[PDB]
């Protein structure tokens, strides 16, 4: 059970200098703690500019992996969106921060010795959060930051908390006076040979909610010292006036394109448990579902626990709980 910290992390009231105002040196992000996991073939790197503060987080899978993209929000900021990726790049800096993905792409082209055959094309999908209201600069994750995240990527490690894309992520935006800093978060599970890793950068309009139904991050009211569910503010506002989260889930279980896409949708929708409201017009919510195609499900779905108990739906259910864990690490 994740020990979330009850103390407030109000982001504060929302120009400022841009990138070239500074001599920007990428910092390898360590965050508050390192998650360690065992998943050969998948590396994660995180880098930030302290001058933002803002960052990027890169998932490198050099073999390339089949990918489904679930771009559910109404304000999505997305590059590539490919159904096969060598890397995924998550970044702050809103639409400007997609540039970090170009830094990754360029650097992978260089590792391939600038080979450009169709089958050699290095494919990176990027998505962004708007993290500018959480700080007083206009610094964004650029080319050099994306390359540095890629260079910093190591297998079996993830920096929890204020790190990479999560450096100035924040939640709960009915009013900015009640918005709190979140983080990024990851969690991982091995069942048999099955491996599931979840990565998340929740910058939601809504709030982070734990399995008991407590609001644990975002919409902190300084006048009461309490975090209410946004619906309460929304209903009072209506009674008076009338009259983004970016994520990845990576598994080693083979799924067809159709399965993987429905998997993506299932795990994504499940995140409305831990973030509320979710998939709003104001959110750019995007989830990447990625399989390394290492392990087959059985032909038939049966087990002592039910006829319909082993299949891609079952794995979605299990992966959804890994994701919830990741959202809670980010809000911790």
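Positions refer to the first chain, counted from 1.
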Discussion item. I'd like to know the size of any gap between residue 243 and residue 244, counted in deposited residues with no coordinates: none, 1 to 3, 4 to 9, or 10 or more.
Written reply: 4 to 9
Practice prompt. Between residue 14 and residue 15, determine how many residues of the deposited chain lack coordinates; answer none if the chain runs continuously, otherwise 1 to 3, 4 to 9, or 10 or more.
Written response: 1 to 3
Item to complete: Decide which of the stretches 232-240 and 138-146 has the higher mean C-alpha B-factor, going by the entry.
Response: 232-240
Worksheet, complete the sentence: Assert higher mean C-alpha B factor (54-62 or 298-306, deposited values) equals 298-306
Worksheet entry | Selection from 131, 99, 113, 210 [criterion: highest C-alpha temperature factor in the record] | 113
Worksheet item: Reading the B-factor column of the entry, which of 249, 191, 89, 169 has the highest value at its C-alpha atom?
Response: 191
Response to the item:
Among the modelled residues of its chain, the C-alpha B-factor of residue 277 falls in the third labelled lowest
Worksheet item: Which third of the chain does residue 158 land in by C-alpha B-factor: lowest, middle or highest?
Response: lowest
Discussion item. Is residue 36 in the lowest, middle or highest third of its chain when residues are ranked by C-alpha B-factor?
Written reply: highest
Worksheet, complete the sentence: Sorting the chain's modelled residues by C-alpha B-factor and splitting them into thirds places residue 42 in the highest
Worksheet item: Where does residue 8 sit by CA temperature factor within its chain: lowest, middle or highest third?
Response: middle
